[PDB]
Amino acid sequence: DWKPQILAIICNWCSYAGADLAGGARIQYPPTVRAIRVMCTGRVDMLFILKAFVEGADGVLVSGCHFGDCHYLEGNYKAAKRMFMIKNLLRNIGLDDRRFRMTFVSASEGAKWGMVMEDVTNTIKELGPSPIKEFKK
Amino acid sequence: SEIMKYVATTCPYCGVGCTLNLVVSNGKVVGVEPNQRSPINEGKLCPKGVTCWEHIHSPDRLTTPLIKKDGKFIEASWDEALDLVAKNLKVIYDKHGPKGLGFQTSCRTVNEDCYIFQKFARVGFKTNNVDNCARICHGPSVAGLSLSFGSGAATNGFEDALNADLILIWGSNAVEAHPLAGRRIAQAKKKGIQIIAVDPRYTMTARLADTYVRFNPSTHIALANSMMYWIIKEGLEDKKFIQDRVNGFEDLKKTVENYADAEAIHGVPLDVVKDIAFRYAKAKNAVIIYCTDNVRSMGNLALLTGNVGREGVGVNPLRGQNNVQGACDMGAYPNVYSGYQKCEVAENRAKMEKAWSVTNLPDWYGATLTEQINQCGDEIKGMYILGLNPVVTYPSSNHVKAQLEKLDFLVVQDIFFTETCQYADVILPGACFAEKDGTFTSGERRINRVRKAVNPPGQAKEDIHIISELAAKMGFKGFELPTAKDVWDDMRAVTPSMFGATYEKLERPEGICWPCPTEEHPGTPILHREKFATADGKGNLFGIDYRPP
Amino acid sequence: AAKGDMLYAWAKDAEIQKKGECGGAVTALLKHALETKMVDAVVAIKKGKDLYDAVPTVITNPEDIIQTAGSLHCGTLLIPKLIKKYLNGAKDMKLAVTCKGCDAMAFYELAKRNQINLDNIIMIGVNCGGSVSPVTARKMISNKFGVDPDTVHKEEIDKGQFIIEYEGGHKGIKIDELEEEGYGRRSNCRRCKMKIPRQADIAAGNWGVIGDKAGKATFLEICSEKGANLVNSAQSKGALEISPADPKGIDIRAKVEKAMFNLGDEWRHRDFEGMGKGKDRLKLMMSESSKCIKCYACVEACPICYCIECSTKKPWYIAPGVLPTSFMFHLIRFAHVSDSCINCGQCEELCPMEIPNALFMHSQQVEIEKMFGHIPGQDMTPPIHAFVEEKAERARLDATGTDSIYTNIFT
Ligand SMILES: Cc1cc2nc3c(=O)[nH]c(=O)nc-3n(C[C@H](O)[C@H](O)[C@H](O)COP(=O)(O)OP(=O)(O)OC[C@H]3O[C@@H](n4cnc5c(N)ncnc54)[C@H](O)[C@@H]3O)c2cc1C
Ligand code: SF4
Ligand code: SF4
Ligand code: SF4
Ligand code: SF4
Ligand code: SF4
Ligand code: FES
């Protein structure tokens, strides 16, 4: 009756390329994550993550370039600081902060993208349904 | 001149009467600030109070009198417009007596303007055709609660419900309308007080409640009759109270004993009915918050459980307009002079005559708003409308327009060019709450001060000034009142209660509650202290049968 | 006299020195600045009514500051946001403003976000041990003290007790006892730790004044060159008397400040664990925030909320007409403010629905602080998201010892 709802927000220049490379190489993984594709992860506002979690994302993933490998010289440092602060907010509002993570996937790491997909799915399955969906009523 | 000056005032948007600071810079109201000193709201305001300052300096505000001269309104001088009004009112009087005229004010207006308006309507041409919004507004509940208790006002205050165990909201959207009355419900549930909501729909004030009860709309009589049936059946009524201060119990007995199983009418299962009935009857101090037969059933419940004359208890029907209570108090009804002194009794009729230096007061029951509008051509012709927009407010707006165009010499006083203005023959510009200097009266009977922040936009004047100038034009003695304080003092001389409510006492942030008969009395925050206000001093509880529509 | 000096100061004018809560040095300095034309106006607090009513006032006539003299402990208001809204952010006119610790922190937050001109504003800071809501003070005096509140002449929090002076005598009750019974200082004042505003230009208080001047001298700490100039000018023109402070006074001032820090820590603890942990904290937060009627008083009163249009007003975040509003309303404030919340309490105390906005926000702020090391309201340090740094970002990723942002971040 329950299937995890995981949302990914992946940059165009390394994480979308890595997911595309995994697909091209035919690396299988479970069909639980759906992606959004912004240009950089610097674009990811905090309110995007919080909006996802309040609509009912059982998990949220944000994937971007490695440090020093952003297409736009430093846009993922901003995203990293923002996601550290988001981890702190979710812990202090009492939602489980491991529902959220930020992975750094390069353009050539299709295998690592597959492993990230598998691990995110496993972690959210262990965690269970998000509590917001029943706390709203 | 002045930079960021704070002026304390009452919010004009509903009957809670919250206090707020208007910020006035160079004679312009530039914002609203909290007033943390106020007992009613401790600096807290709803969206309406937060943005009450926006409409003050709009360009659309009427600035100078207008006269309909064979078409579109042209700009007139105060002397010209007032001489025209005096002439036309004089001729309509001299042709058709006091029945020919018709007055109605709004509940938006300050007490001093309501009092001087009804004084103008009665001291001159003796007509009781004076009225206000409260008729067409939601509640004629004042008459029902008056029949039950003696005073149609709310028995207790707002802070008072913090002392109950069983706040019982009934059919009220107390957080949508009167949000800072619903703040008391929020504080009570934080204190851990049983709260039962009974509205037909799951409202945001029904969220706060421990128990929520659906019922089919238009079944309050049936549901309350069932609750009183179970209270009687298990004998949780208050014997000392009923035997000492209440009358009519046998009539209630017959009337309710036919409501054992009323699930057909109201949707509430018998289990839930018994639950709420026994929680209410067992609570030692339980307060009902309500929002004619419908309010007398509430009076029946409170009297049956002996929940009236004490702290932490009572019935609090929420009003909805900022000064509806004040207008009714000042005597803008057909049948009451002021302080609910009936005109049917020659005693205070003669007292009015002696005090006002006028003779032969009407004594007949006047015409309410809808009465006037329906007979607006048959015998009424000539109408002063102090702040109403009937064409937009009454149902059957096209019928309202037809009746108003059937009318000779409508006069309209407003701050804005409304839709009713096109049908006027004279339009006298007015002042809003930021230019007046009067008092409001909350729904909890508290008189609050309104303070002057700015000046009226152009040549506009405030209503005491307009009515005094018109009465001086028409040759009426008794309108020599240059300030709201003088109007208030005349009213106080007239009325037995409110005699203690001097402005030196209203300058306190606490205000004064209405039954204040002497100058050392602190006020009466809780009514019916140990005796009621009816003929035997005893509340009467009635037996209402439910009428299916 | 020079940026660090600790002094005793009292007014030369005997009437100013009587009406001052201590020696009248804040009212002598403000009067001098106004009448020698350092500043074009003065924003101070005066009583509008009974001493429970504190009304902010812009004063240009030097003759009206004797009315501002005295400290109102029921003045729970915040000044800097009024200067931005109705004095054009002090962008053209110099002002001299008397401010508490929260009012100094708010000045610095708004100056970080470019909403006021601290080059124009002079901040005379006062020590603050806490403020009481006026109506709560009234109920306190009616019930616990057994006095009619209209009888009180003056009332102060001195030595951790609530002294009131009425007709008949004076009384005193420990503020800790009152705070247990459900009264006392505001919640955020109990949690506050900004006791001596060393970020202001002058810090005035009654702590550290000992001996023959225990009630007729103000302890002044000169915290900047601008304050040193104001003080030296006032002393030379002879509006203010200056004597070097007593070393024993300095020591016990430090001890009282430290004890107030410890008490603030204790209240921070008991409050933040009172909110709960895990899904219980989410049900507390969500059930409380379901009461919000969207009055926006918290947004309009917050010093950190400077946005022309709040994102809480944008239809793609919050549905315009749905009144049982989403938790997104308060998530958008936790995200935008919690990194720099000065714990002023305005959001909590102006809420018609009595939602613990300040408690929630400060509970998040304290550990955003121990995470990033950013203390709000102390100086011109840019907000954490307005200044991201390459080396620091590397540092926090390496400290997690991990290839992502997933775990090993908290203890
Ligand atoms: C709420 C409050 C709590 C305080 N608690 C302490 C304490 O625990 N320990 C301590 O040593 N000192 C405390 N102080 C400061 C104490 O009053 C100083 O000793 C005093 O300000 C010294 O100034 P003065 O007497 O020389 O000048 P004053 O003539 O007293 O000048 C006082 C100045 O403060 C302004 N003011 C008054 N009320 C407020 C207010 N609510 N907010 C902002 N400004 C205001 C007045 O307008 C005036 O300009 C507190 C002050 C306040 C307002
Ligand atoms: S609760 Fe009523 S009186 Fe108070 S601010 Fe809101 S609308 Fe005005
Ligand atoms: S928040 Fe701190 S500085 Fe501000 S009034 Fe309260 S105790 Fe004083
Ligand atoms: S002040 Fe309170 S009620 Fe108003 S918007 Fe903020 S949280 Fe909601
Ligand atoms: S969120 Fe509340 S407590 Fe925090 S700074 Fe803003 S107003 Fe002050
Ligand atoms: S909550 Fe955020 S968007 Fe809204 S006013 Fe505050 S800082 Fe601006
Ligand atoms: S381009 Fe991918 S994180 Fe910036």
# chains A, B, ... in the order shown; residues from 1 in each chain; ligands from 1

call {"tool": "residues_around", "arguments": {"residues": "residue 248 (chain B)", "least_positions_apart": "3", "cutoff": "12 Å", "atoms": "only C-alpha atoms", "output": "ChimeraX atom specification"}}
result
/B:148,242-245,251-255,300,303-304,538-544

call {"tool": "write_last_selection", "arguments": {"atoms": "N, CA and C atoms", "output": "mmCIF file, in the first residue's frame"}}
result
data_model
loop_
_atom_site.group_PDB
_atom_site.id
_atom_site.type_symbol
_atom_site.label_atom_id
_atom_site.label_comp_id
_atom_site.auth_asym_id
_atom_site.auth_seq_id
_atom_site.Cartn_x
_atom_site.Cartn_y
_atom_site.Cartn_z
ATOM 1 N N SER B 148 -35.226 36.708 27.968
ATOM 2 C CA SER B 148 -34.742 35.709 28.920
ATOM 3 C C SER B 148 -34.259 36.346 30.216
ATOM 4 N N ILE B 242 -32.955 27.432 40.164
ATOM 5 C CA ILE B 242 -34.252 27.451 39.499
ATOM 6 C C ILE B 242 -35.344 27.891 40.464
ATOM 7 N N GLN B 243 -35.255 27.469 41.720
ATOM 8 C CA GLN B 243 -36.296 27.800 42.678
ATOM 9 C C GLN B 243 -36.187 29.240 43.159
ATOM 10 N N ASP B 244 -35.019 29.861 43.015
ATOM 11 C CA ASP B 244 -34.787 31.186 43.569
ATOM 12 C C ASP B 244 -34.820 32.294 42.525
ATOM 13 N N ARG B 245 -34.268 32.062 41.336
ATOM 14 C CA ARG B 245 -34.022 33.129 40.380
ATOM 15 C C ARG B 245 -34.605 32.886 38.999
ATOM 16 N N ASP B 251 -43.333 25.010 32.084
ATOM 17 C CA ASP B 251 -43.487 25.216 30.652
ATOM 18 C C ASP B 251 -42.324 24.603 29.893
ATOM 19 N N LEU B 252 -41.098 24.806 30.386
ATOM 20 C CA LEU B 252 -39.956 24.152 29.756
ATOM 21 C C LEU B 252 -40.106 22.638 29.794
ATOM 22 N N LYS B 253 -40.627 22.105 30.901
ATOM 23 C CA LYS B 253 -40.801 20.665 31.050
ATOM 24 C C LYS B 253 -41.681 20.092 29.947
ATOM 25 N N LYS B 254 -42.912 20.607 29.830
ATOM 26 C CA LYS B 254 -43.767 20.177 28.722
ATOM 27 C C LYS B 254 -43.072 20.337 27.384
ATOM 28 N N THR B 255 -42.486 21.505 27.125
ATOM 29 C CA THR B 255 -42.030 21.774 25.768
ATOM 30 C C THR B 255 -40.923 20.804 25.370
ATOM 31 N N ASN B 300 -32.305 29.499 27.963
ATOM 32 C CA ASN B 300 -32.901 28.352 28.628
ATOM 33 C C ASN B 300 -31.828 27.445 29.196
ATOM 34 N N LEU B 303 -29.975 29.197 32.222
ATOM 35 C CA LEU B 303 -30.829 29.263 33.397
ATOM 36 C C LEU B 303 -31.095 27.877 33.967
ATOM 37 N N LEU B 304 -31.238 26.879 33.099
ATOM 38 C CA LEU B 304 -31.525 25.530 33.558
ATOM 39 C C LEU B 304 -30.371 24.965 34.358
ATOM 40 N N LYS B 538 -36.650 38.109 38.216
ATOM 41 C CA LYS B 538 -36.355 36.679 37.966
ATOM 42 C C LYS B 538 -36.319 36.392 36.468
ATOM 43 N N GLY B 539 -35.311 35.651 36.007
ATOM 44 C CA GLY B 539 -35.240 35.254 34.593
ATOM 45 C C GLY B 539 -36.405 34.366 34.234
ATOM 46 N N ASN B 540 -36.920 34.491 33.027
ATOM 47 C CA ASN B 540 -38.009 33.600 32.593
ATOM 48 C C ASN B 540 -37.410 32.665 31.562
ATOM 49 N N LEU B 541 -37.682 31.376 31.668
ATOM 50 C CA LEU B 541 -37.182 30.472 30.643
ATOM 51 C C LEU B 541 -38.368 29.894 29.888
ATOM 52 N N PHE B 542 -38.293 29.934 28.563
ATOM 53 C CA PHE B 542 -39.432 29.680 27.697
ATOM 54 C C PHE B 542 -39.354 28.294 27.081
ATOM 55 N N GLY B 543 -40.501 27.825 26.616
ATOM 56 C CA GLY B 543 -40.562 26.575 25.896
ATOM 57 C C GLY B 543 -40.782 26.767 24.411
ATOM 58 N N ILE B 544 -39.738 26.540 23.620
ATOM 59 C CA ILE B 544 -39.770 26.756 22.179
ATOM 60 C C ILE B 544 -39.909 25.412 21.486
#

call {"tool": "interface_residues", "arguments": {"of": "chain B", "to": "chain C", "cutoff": "10 Å", "atoms": "only C-alpha atoms", "output": "PyMOL selection string"}}
result
chain B and resi 2-8+21+23-25+30-31+33-51+175-176+179-187+190+203-205+207-208+507-509

call {"tool": "residues_near_ligand", "arguments": {"ligand": "ligand 7", "cutoff": "10 Å", "atoms": "only C-alpha atoms and all ligand atoms", "output": "PDB file with C-alpha atoms, in the first residue's frame"}}
result
ATOM      1  CA  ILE A  10      20.099  17.181  -9.743  1.00  0.00           C
ATOM      2  CA  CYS A  11      22.306  19.718 -11.463  1.00  0.00           C
ATOM      3  CA  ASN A  12      22.581  19.685 -15.226  1.00  0.00           C
ATOM      4  CA  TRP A  13      26.335  19.441 -15.589  1.00  0.00           C
ATOM      5  CA  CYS A  14      27.413  16.563 -13.373  1.00  0.00           C
ATOM      6  CA  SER A  15      24.481  14.790 -11.774  1.00  0.00           C
ATOM      7  CA  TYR A  16      22.229  14.773 -14.824  1.00  0.00           C
ATOM      8  CA  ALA A  17      25.228  13.702 -16.889  1.00  0.00           C
ATOM      9  CA  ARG A  37      16.979  18.993 -13.175  1.00  0.00           C
ATOM     10  CA  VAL A  38      18.037  22.549 -12.316  1.00  0.00           C
ATOM     11  CA  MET A  39      21.123  24.144 -13.897  1.00  0.00           C
ATOM     12  CA  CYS A  40      23.335  24.275 -10.801  1.00  0.00           C
ATOM     13  CA  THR A  41      22.671  23.147  -7.277  1.00  0.00           C
ATOM     14  CA  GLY A  42      23.196  26.769  -6.309  1.00  0.00           C
ATOM     15  CA  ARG A  43      19.718  27.269  -7.733  1.00  0.00           C
ATOM     16  CA  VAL A  44      18.215  25.015  -5.073  1.00  0.00           C
ATOM     17  CA  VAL A  62      20.031  16.893  -3.929  1.00  0.00           C
ATOM     18  CA  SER A  63      22.862  15.854  -6.215  1.00  0.00           C
ATOM     19  CA  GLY A  64      25.562  18.088  -7.610  1.00  0.00           C
ATOM     20  CA  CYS A  65      29.155  18.480  -8.733  1.00  0.00           C
ATOM     21  CA  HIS A  66      32.156  17.713  -6.579  1.00  0.00           C
ATOM     22  CA  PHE A  67      33.730  20.580  -4.694  1.00  0.00           C
ATOM     23  CA  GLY A  68      35.930  22.417  -7.160  1.00  0.00           C
ATOM     24  CA  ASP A  69      34.113  20.960 -10.176  1.00  0.00           C
ATOM     25  CA  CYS A  70      31.032  23.180 -10.395  1.00  0.00           C
ATOM     26  CA  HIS A  71      30.319  24.370 -13.915  1.00  0.00           C
ATOM     27  CA  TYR A  72      29.647  27.792 -12.411  1.00  0.00           C
ATOM     28  CA  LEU A  73      32.782  28.253 -10.407  1.00  0.00           C
ATOM     29  CA  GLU A  74      31.401  28.023  -6.881  1.00  0.00           C
ATOM     30  CA  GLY A  75      27.690  27.387  -6.975  1.00  0.00           C
ATOM     31  CA  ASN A  76      27.732  24.158  -5.012  1.00  0.00           C
ATOM     32  CA  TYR A  77      29.436  25.644  -1.968  1.00  0.00           C
ATOM     33  CA  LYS A  78      26.311  27.752  -1.537  1.00  0.00           C
ATOM     34  CA  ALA A  79      24.173  24.652  -1.931  1.00  0.00           C
ATOM     35  CA  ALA A  80      26.282  22.730   0.584  1.00  0.00           C
ATOM     36  CA  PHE A 104      28.331  14.825  -5.098  1.00  0.00           C
ATOM     37  CA  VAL A 105      28.235  12.828  -8.340  1.00  0.00           C
ATOM     38  CA  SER A 106      30.587  13.618 -11.200  1.00  0.00           C
ATOM     39  CA  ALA A 107      29.727  13.385 -14.882  1.00  0.00           C
TER      40      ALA A 107
END

call {"tool": "select_by_dssp", "arguments": {"residues": "region 57-217 of chain C", "states": "alpha helix (DSSP H)", "output": "ChimeraX atom specification"}}
result
/C:80-86,101-112,134-143,175-181,187-191

call {"tool": "residues_around", "arguments": {"residues": "region 415-427 of chain B", "least_positions_apart": "2", "cutoff": "9 Å", "atoms": "only C-alpha atoms", "output": "number ranges by chain"}}
result
B: 60-69, 72-73, 81-82, 84-85, 387-392, 401, 404-405, 408-413, 429-432, 460

call {"tool": "closest_residue", "arguments": {"among": "C:373, C:264, C:382, C:89", "to": "ligand 3", "atoms": "only C-alpha atoms and all ligand atoms"}}
result
C:264

call {"tool": "interface_residues", "arguments": {"of": "chain C", "to": "chain A", "cutoff": "9 Å", "atoms": "only C-alpha atoms", "output": "short mmCIF file (atom, residue, chain, number, x, y, z; two decimals) with C-alpha atoms, in the first residue's frame"}}
result
data_model
loop_
_atom_site.label_atom_id
_atom_site.label_comp_id
_atom_site.auth_asym_id
_atom_site.auth_seq_id
_atom_site.Cartn_x
_atom_site.Cartn_y
_atom_site.Cartn_z
CA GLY C 276 10.09 17.79 23.29
CA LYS C 277 12.28 15.71 20.95
CA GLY C 278 11.59 13.68 17.77
CA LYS C 279 8.06 13.34 16.35
CA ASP C 280 6.65 14.82 19.62
CA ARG C 281 8.36 18.19 18.76
CA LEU C 282 6.80 17.95 15.23
CA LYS C 283 3.35 17.41 16.75
CA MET C 285 5.11 22.58 16.35
CA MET C 286 2.45 21.51 13.86
CA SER C 287 -0.46 21.61 16.29
CA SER C 290 -2.20 25.23 12.90
CA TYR C 317 3.94 28.68 -1.49
CA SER C 326 0.06 25.09 6.02
CA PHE C 327 3.12 24.40 8.13
CA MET C 328 4.96 25.97 5.19
CA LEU C 331 8.90 26.66 7.78
CA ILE C 332 9.56 29.75 5.56
CA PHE C 334 12.47 29.07 10.25
CA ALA C 335 14.48 28.92 7.03
CA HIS C 336 14.89 32.71 6.65
CA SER C 338 16.57 31.12 12.41
CA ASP C 339 20.16 31.65 11.35
CA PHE C 360 10.64 27.78 18.33
CA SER C 363 15.53 26.79 19.83
CA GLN C 364 16.64 26.56 16.22
CA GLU C 367 22.34 25.41 17.51
CA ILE C 368 22.58 27.04 14.12
CA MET C 371 27.03 24.74 14.15
CA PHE C 372 28.26 27.71 12.11
CA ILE C 384 25.81 32.93 6.87
CA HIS C 385 24.15 32.54 3.48
CA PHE C 387 28.79 35.11 2.70
CA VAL C 388 29.77 31.55 1.76
CA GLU C 389 33.47 30.72 1.69
CA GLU C 390 35.35 28.06 -0.28
CA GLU C 393 32.81 24.67 2.94
CA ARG C 394 35.67 22.26 2.32
CA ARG C 396 32.73 21.20 7.06
CA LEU C 397 32.68 18.47 4.41
CA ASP C 403 31.73 11.85 0.76
CA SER C 404 28.30 13.48 1.05
CA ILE C 405 26.08 15.41 3.42
CA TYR C 406 24.26 12.55 5.10
CA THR C 407 25.53 11.64 8.60
CA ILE C 409 27.23 15.85 11.31
CA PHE C 410 25.59 15.91 14.80
#

call {"tool": "residues_near_ligand", "arguments": {"ligand": "ligand 6", "cutoff": "7 Å", "atoms": "only C-alpha atoms and all ligand atoms", "output": "list in words"}}
result
residues 299, 304, 305, 306, 307, 309, 310, 311, 312, 332, 333, 336 and 337 of chain C

call {"tool": "closest_residue", "arguments": {"among": "B:99, B:126, B:87, B:319", "to": "ligand 2", "atoms": "only C-alpha atoms and all ligand atoms"}}
result
B:319

call {"tool": "residues_near_ligand", "arguments": {"ligand": "ligand 3", "cutoff": "6 Å", "atoms": "only C-alpha atoms and all ligand atoms", "output": "MDAnalysis selection string"}}
result
chainID C and resid 100:102 128:131 188:189 192 194:195 344

call {"tool": "write_last_selection", "arguments": {"atoms": "N, CA and C atoms", "output": "mmCIF file, in the first residue's frame"}}
result
data_model
loop_
_atom_site.group_PDB
_atom_site.id
_atom_site.type_symbol
_atom_site.label_atom_id
_atom_site.label_comp_id
_atom_site.auth_asym_id
_atom_site.auth_seq_id
_atom_site.Cartn_x
_atom_site.Cartn_y
_atom_site.Cartn_z
ATOM 1 N N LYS C 100 18.094 48.868 24.553
ATOM 2 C CA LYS C 100 18.454 47.724 25.411
ATOM 3 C C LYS C 100 19.325 46.771 24.589
ATOM 4 N N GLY C 101 19.681 45.593 25.084
ATOM 5 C CA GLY C 101 20.508 44.633 24.379
ATOM 6 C C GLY C 101 19.846 44.101 23.126
ATOM 7 N N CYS C 102 18.559 43.776 23.213
ATOM 8 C CA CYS C 102 17.826 43.337 22.034
ATOM 9 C C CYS C 102 17.700 44.455 21.012
ATOM 10 N N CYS C 128 20.216 45.387 30.547
ATOM 11 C CA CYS C 128 18.823 44.960 30.724
ATOM 12 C C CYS C 128 18.812 43.625 31.440
ATOM 13 N N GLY C 129 18.112 43.530 32.552
ATOM 14 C CA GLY C 129 17.952 42.269 33.262
ATOM 15 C C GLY C 129 16.606 41.697 32.985
ATOM 16 N N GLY C 130 15.799 42.371 32.200
ATOM 17 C CA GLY C 130 14.539 41.751 31.804
ATOM 18 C C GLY C 130 13.404 42.716 31.752
ATOM 19 N N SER C 131 12.389 42.384 30.994
ATOM 20 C CA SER C 131 11.226 43.263 30.828
ATOM 21 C C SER C 131 10.000 42.446 31.097
ATOM 22 N N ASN C 188 11.504 35.115 26.514
ATOM 23 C CA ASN C 188 12.753 35.400 25.835
ATOM 24 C C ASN C 188 13.687 36.191 26.718
ATOM 25 N N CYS C 189 13.153 36.966 27.653
ATOM 26 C CA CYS C 189 14.026 37.677 28.572
ATOM 27 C C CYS C 189 14.669 36.721 29.555
ATOM 28 N N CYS C 192 17.442 35.279 27.623
ATOM 29 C CA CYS C 192 18.361 36.240 27.032
ATOM 30 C C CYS C 192 19.714 36.210 27.722
ATOM 31 N N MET C 194 22.146 38.781 26.442
ATOM 32 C CA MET C 194 22.780 39.999 25.971
ATOM 33 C C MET C 194 22.555 41.071 27.035
ATOM 34 N N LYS C 195 23.296 40.937 28.125
ATOM 35 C CA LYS C 195 22.998 41.716 29.318
ATOM 36 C C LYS C 195 23.661 43.082 29.315
ATOM 37 N N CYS C 344 14.259 38.632 20.427
ATOM 38 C CA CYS C 344 13.600 39.822 20.936
ATOM 39 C C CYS C 344 12.205 39.531 21.450
#

call {"tool": "closest_residue", "arguments": {"among": "B:120, B:384, B:53, B:546", "to": "ligand 2", "atoms": "only C-alpha atoms and all ligand atoms"}}
result
B:53

call {"tool": "residues_around", "arguments": {"residues": "residue 268 (chain B)", "least_positions_apart": "2", "cutoff": "6 Å", "atoms": "only C-alpha atoms", "output": "count of residues only"}}
result
3

call {"tool": "residues_around", "arguments": {"residues": "residue 27 (chain A)", "least_positions_apart": "5", "cutoff": "10 Å", "atoms": "only C-alpha atoms", "output": "ChimeraX atom specification"}}
result
/A:19,21-22,110-111,113-115
